[PDB]
Visitor: 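I am attaching a structure below and will ask some questions about it afterwards.
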Amino acid sequence: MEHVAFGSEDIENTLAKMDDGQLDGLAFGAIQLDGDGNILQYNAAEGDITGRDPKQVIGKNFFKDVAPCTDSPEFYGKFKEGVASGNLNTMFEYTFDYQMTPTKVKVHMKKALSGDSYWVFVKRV
Ligand SMILES: *C(=O)/C=C/c1ccc(O)cc1
Ligand SMILES: [Cl-]
Ligand SMILES: [Cl-]
Ligand SMILES: [Cl-]
């Protein structure tokens with residue numbers, strides 16, 4: 001286990017240092033997206049929540065291919081506003097329901113430290 005709490009103020013500094021193996025040690029789901037919504041990183045805890053295989057979703061587009069239920073003003077709309085503004089830090093509850101049992105989660109989206117990358121963090125509620 002890596003000891004990082006969901007919603008920590010400086011989480012993007014802490015995560016900047018982790019390779020894929022370290023990301024898999026987090027207590028919550030973590031997805032790293034580029035500015036277009038393509039998946040660069042996808043950890044084991046997220047795959048436990050959603051059933052997706054972390055190795056197979058890398059390189060897919062989160063909003064178009066993997067998670068169409070997030071293609072909406074309430075999720076994707078906030079993401080694209082943050083990408084265009086260059087800043088993003090929002091936390092909200094959502095239901096994941098595409099090809100899975102509907103699962104209520106808390107979502108935290110935050111701009112990463114490195115250039116054109118954005119984090120999506122996920123835990124059950
Ligand atoms: C809605 O379609 C959500 C799908 C989804 C959310 C999060 C994931 O990690 C994978 C699929
Ligand atoms: Cl919380
Ligand atoms: Cl980073
Ligand atoms: Cl999969």
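One is the number of the first residue; the rest follow in order along the sequence. In each ligand, atom 1 is the first atom listed, and ligand 1 is the first ligand listed.
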Visitor: How far apart are the closest heavy atoms of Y42 and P54, and which atoms are they?
Guide: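 Result for this residue pair: O-CB, 3.3 Å.
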Visitor: With respect to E46, determine whether any N or O atom, backbone or side chain, lies less than 3.5 Å from an N or O atom of ligand 1.
Guide: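 For ligand 1, there is an N or O atom that lies under 3.5 Å from one belonging to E46.
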Visitor: What protein heavy atom lies closest to atom 10 (C) of ligand 1? Include the residue and the distance to one decimal.
Guide: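 Ranked first by proximity to atom 10 (C) of ligand 1 is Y42 OH, 3.5 Å.
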Visitor: Are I39 and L33 close enough that some pair of their side-chain heavy atoms sits under 4.5 Å apart?
Guide: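 Result yes, sub-4.5 Å side-chain heavy-atom pair found.
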Visitor: Examine the proximity of ligand 1 to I31 and report which part, side chain or backbone, both or neither, has a heavy atom under 4.0 Å away.
Guide: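 Side chain only; the backbone of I31 stays clear of ligand 1.
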Visitor: Assess the side chains of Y98 and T50: does a donor N or O sit below 3.5 Å from an acceptor N or O?
Guide: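 Note: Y98 and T50 side chains miss the donor-acceptor criterion.
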Visitor: Side chains of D34 and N38: donor-acceptor distance under 3.5 Å anywhere?
Guide: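 Their side chains do contain a donor-acceptor pair, which is all the 3.5 Å distance test asks for.
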Visitor: My understanding is that we take every heavy atom of each candidate and find the minimum distance to atom 4 (C) of ligand 1. Doing that for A67, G47, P68, which one comes out nearest?
Guide: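 Shortest heavy-atom distance from atom 4 (C) of ligand 1: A67.
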Visitor: Less than 3.5 Å between some nitrogen or oxygen of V66 and one of ligand 1, yes or no?
Guide: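 N/O-N/O distance under 3.5 Å: no.
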Visitor: For atom 2 (O) of ligand 1, what is the nearest protein heavy atom, given as residue, atom name and distance?
Guide: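 For atom 2 (O) of ligand 1, the nearest protein heavy atom is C69 SG, 2.6 Å.
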Visitor: Return yes when atom NZ of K111 has more than 12 non-hydrogen atoms of other residues, nucleotides or ligands closer than 6.0 Å, and no otherwise.
Guide: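 More than 12 within 6.0 Å, yes.
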Visitor: Fit a plane to each ring of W119 and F121, take the angle between them on a 0 to 90° scale, and name the class: parallel (under 30°), tilted (30 to 60°) or perpendicular (over 60°).
Guide: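 Taking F121 first and then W119, their aromatic rings lie parallel (interplane angle under 30°).
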Visitor: Looking only at distance, does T70 have an N or O less than 3.5 Å from an N or O of ligand 1?
Guide: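 No.
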